[PDB]
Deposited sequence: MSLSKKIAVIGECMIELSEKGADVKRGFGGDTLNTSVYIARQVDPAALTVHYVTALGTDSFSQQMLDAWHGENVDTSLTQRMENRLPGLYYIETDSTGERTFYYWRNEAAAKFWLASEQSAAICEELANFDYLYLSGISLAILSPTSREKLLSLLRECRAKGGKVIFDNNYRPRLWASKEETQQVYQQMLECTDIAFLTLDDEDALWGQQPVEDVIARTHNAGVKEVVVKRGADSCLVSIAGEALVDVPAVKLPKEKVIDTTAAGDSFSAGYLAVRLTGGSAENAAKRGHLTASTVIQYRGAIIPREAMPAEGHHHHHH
């Protein structure tokens, strides 16, 4: 079997109902829902507190067959919290920010260096200190040196960074450590200024990235593999009335794409699955849709 570790943060979510939500955790759940665990196991890597909100999260994740054995619990921290009306965040002291700055960080990183795949988003980098970002980048390099592959989702939240220049510098270091990049085009527009998709693709290959997957909302997905012709796969047009909530469209697309791509499927079939997944998700309220209990 192969193993993927998904690194980032999941918060307490308020919308009045209470759940949980985080871009990378959403992605982890959709991968786990779609793969044969004999082919690929999904590990979420974060930190939480020893409180009962953290517990309820861990429990639900185990119910989704997401392995949390590399997630840490920190006695004097809580999860971050966000509220949906507009988003409001109470996340600047989250346990998740500190997973690379504890006494257990080292052993966890030695375990992760041996993983087949490591995945993280722009948010996963944003929440780390400059020093923790360095440690994470070194882990990625070590994993790749051992034959592992690094996947990055460019999910861009300017409010989490000190400046546009800081994000650019950190994304540049990240792309130089990346094998597969998921780039939401609007996010590349926002971060780097508006540029033709061909230049977005080119500069990303120039950073060293072999496989660049460009997500374009309702426009088609472009997959560019260095030295190969472009793959162009249209989305699953739904009538307007079936679209209820576009939250997690992007995160679930990355999930569907990897469920296929990391179990032997073509880039075209991986894109088809990303589109099918995102299309399903947007027809139900909430980031995480009801599990298919009986397929």
Exercise for the section: Any chance you could give me the deposited-sequence numbering of all the stretches lacking C-alphas? Expected result: 1-3, 19-23, 94-100, 311-319
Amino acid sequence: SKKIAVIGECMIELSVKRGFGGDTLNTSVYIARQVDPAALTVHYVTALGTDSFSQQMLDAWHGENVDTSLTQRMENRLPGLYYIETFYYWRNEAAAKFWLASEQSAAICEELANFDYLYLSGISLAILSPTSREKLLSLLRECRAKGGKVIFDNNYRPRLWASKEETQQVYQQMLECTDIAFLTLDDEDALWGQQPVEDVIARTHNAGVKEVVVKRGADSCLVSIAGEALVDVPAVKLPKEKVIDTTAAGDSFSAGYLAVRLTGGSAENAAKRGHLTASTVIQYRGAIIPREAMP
From here on, numbers count along this sequence of modelled residues.
Practice task
State which stretch shows the higher mean Cα B factor in the entry: 177-185 or 163-171.
Solution key: 163-171
Practice task
Using the B-factors recorded in the PDB entry, average over the C-alpha atoms of 20-28 and of 282-290, then report which stretch comes out higher.
Solution key: 282-290
Handout entry: Residue with highest C-alpha B-factor in the PDB entry, from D199, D153, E75, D116
Key = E75
Handout entry: Among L137, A107, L222, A94 - the residue whose C-alpha B-factor is largest in the record
Key = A107
Handout entry: B-factor third for the C-alpha atom of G264 within its chain
Key = middle
Exercise for the section: Would you please rank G217 by its C-alpha temperature factor against the other modelled residues of its chain and give the third it falls in: lowest, middle or highest? Expected result: highest
Problem - Within-chain third of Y257 by Cα B-factor, per the entry - result: lowest
Exercise for the section: Looking at the entry's B-factor column for C-alpha atoms only, identify whether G63 ranks in the lowest, middle or highest third of its chain. Expected result: highest
Exercise for the section: Pull the Cα B-factor of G250 out of the PDB entry and bin it into the chain's lowest, middle or highest third. Expected result: lowest
